[PDB]
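To start, the structure under review is shown below, and the notes come after it.
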Amino acid sequence: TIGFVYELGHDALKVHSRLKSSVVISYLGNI
Amino acid sequence: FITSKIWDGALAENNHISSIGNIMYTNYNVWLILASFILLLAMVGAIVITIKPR
Ligand SMILES: CCCCCCCCCCCCO[C@@H]1O[C@H](CO)[C@@H](O[C@H]2O[C@H](CO)[C@@H](O)[C@H](O)[C@H]2O)[C@H](O)[C@H]1O
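For the record, the sequence lines run as chains 3 and 6.
Note that the first sequence covers residues 99 to 116, 124 to 136 in the entry's author numbering.
Just so you know, we're using the entry's author numbering here: the second sequence kicks off at 169 and counts up by one.
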């Protein structure tokens with residue numbers, strides 16, 4: 099069973115595995 | 169080759185798989201441990217040398 103949770107844990111069968126923007130602007134005003 | 173019947177030894181005869189089972193999990197259970205580990209190694213090792221992780 100432990101060897102079965104290893105392939106479950108790794109998707110060896112490759113059966114599984116089938124947005125906020127990082128750019129944030131700030132306003133400071135005039136020079 | 170000649171064969172004859174027996175009665176004391178035919179009281180509760182077992183099929184070969186029941187006879188293998190009567191001893192496979194008790195008296196010779198170390199053989200089951202090693203085999204469990206050989207199969208477990210053939211799982212981990214063959215998965216790790218073929219698949220791309222993630
Ligand atoms: C007594 C009977 C017990 C039966 C089994 C009991 C549960 C044990 C098995 C699950 C244990 C957790 O194992 C987990 O499996 C999931 C599903 O593949 C994996 O899932 C994660 O990785 C895989 C592979 O990149 C991705 O496809 C998936 O989208 C992601 O969520 C986790 O990496 C793993 O941590």
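Quick reminder that beta carbons are idealized off the backbone N, C-alpha and C, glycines included.
Residue i CB to nearest heavy atom of ligand 1 below 6 angstroms
| i | result |
| --- | --- |
| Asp176 (chain 6) | no |
| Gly107 (chain 3) | yes |
| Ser115 (chain 3) | yes |
| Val103 (chain 3) | yes |
7 angstroms Cβ cutoff met for residue i and residue j
| i | j | result |
| --- | --- | --- |
| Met192 (chain 6) | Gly101 (chain 3) | no |
| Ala110 (chain 3) | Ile215 (chain 6) | yes |
Where the alpha helix (DSSP H) containing residue i begins and where it ends
| i | result |
| --- | --- |
| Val103 (chain 3) | 100-108 |
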